[PDB]
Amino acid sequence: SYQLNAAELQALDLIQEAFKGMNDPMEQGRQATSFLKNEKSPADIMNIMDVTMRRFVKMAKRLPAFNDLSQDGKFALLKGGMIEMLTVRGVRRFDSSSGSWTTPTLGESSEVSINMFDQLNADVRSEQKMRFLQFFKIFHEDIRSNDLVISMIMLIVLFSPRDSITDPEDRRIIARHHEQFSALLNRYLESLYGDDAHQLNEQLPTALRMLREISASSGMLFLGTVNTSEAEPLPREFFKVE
């Protein structure tokens, strides 16, 4: 039987609990103002991603799996995985018809166009744009729009082995959860789709390679295009602006 057992259902409930605030409203402030501007600048894009980044930190801090790590292990995982998780949120939030990202607390008139890439650093913008579109295209529409699938992919990439993590128990915990989240994702998809799920599982390593590549090559995208006085600091820890 492909039906989920109690432990699998409970793991999914816990994941949904940890992610439950990602879609909360924004408060008035720099980030909301940036999302609401029709004419967005590169700095506005940084201000927008700040919301998602802050919320990923909070999500992780709810997970028992994350809380079994040392503080240094937790820090290394977030630093190493932030942009990868952000890119997966980007796939969930991208509308192929409109060629834009939206957010679930604002209407369709509020968006970030794919063509915002055309304003970024010419050294890297073209291939980052193409990589994002190619990554988006490998997903089936009903899978990239499934919040539980997206959340699990985020956790699979968050719980990746990182060379800087040296505590042996941290490394063990990370490896075990990488495996567990991958297996749970496949079980979930089997419970919905039966044998047809297996093709999705077979594609996961291809997806992850594309995800790691795009995220690892993102760091200079804003260089020369942003004044630090206009952009949130957290994204500036991941993207070099000066």
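Each residue number is its position in the shown sequence, starting from 1.
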Can you tell me which stretch has the higher mean Cα B-factor, 193-201 or 51-59? 193-201
Between 142-150 and 95-103 (mean CA B-factor, as deposited), the higher: 95-103
Listed options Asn121, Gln128, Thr166, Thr87: highest C-alpha B factor recorded at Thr166
Among the modelled residues of its chain, the C-alpha B-factor of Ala76 falls in the third labelled lowest
Entry-reported C-alpha B-factor of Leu185 relative to its chain, by third, is lowest
Looking at the temperature factor on the CA atom of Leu69, which third of the chain's modelled residues does it land in? highest
By the entry's values, the third containing the CA B factor of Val112 is the middle
Ordered by C-alpha B-factor within the chain, which third holds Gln10? Give me lowest, middle or highest, please. lowest
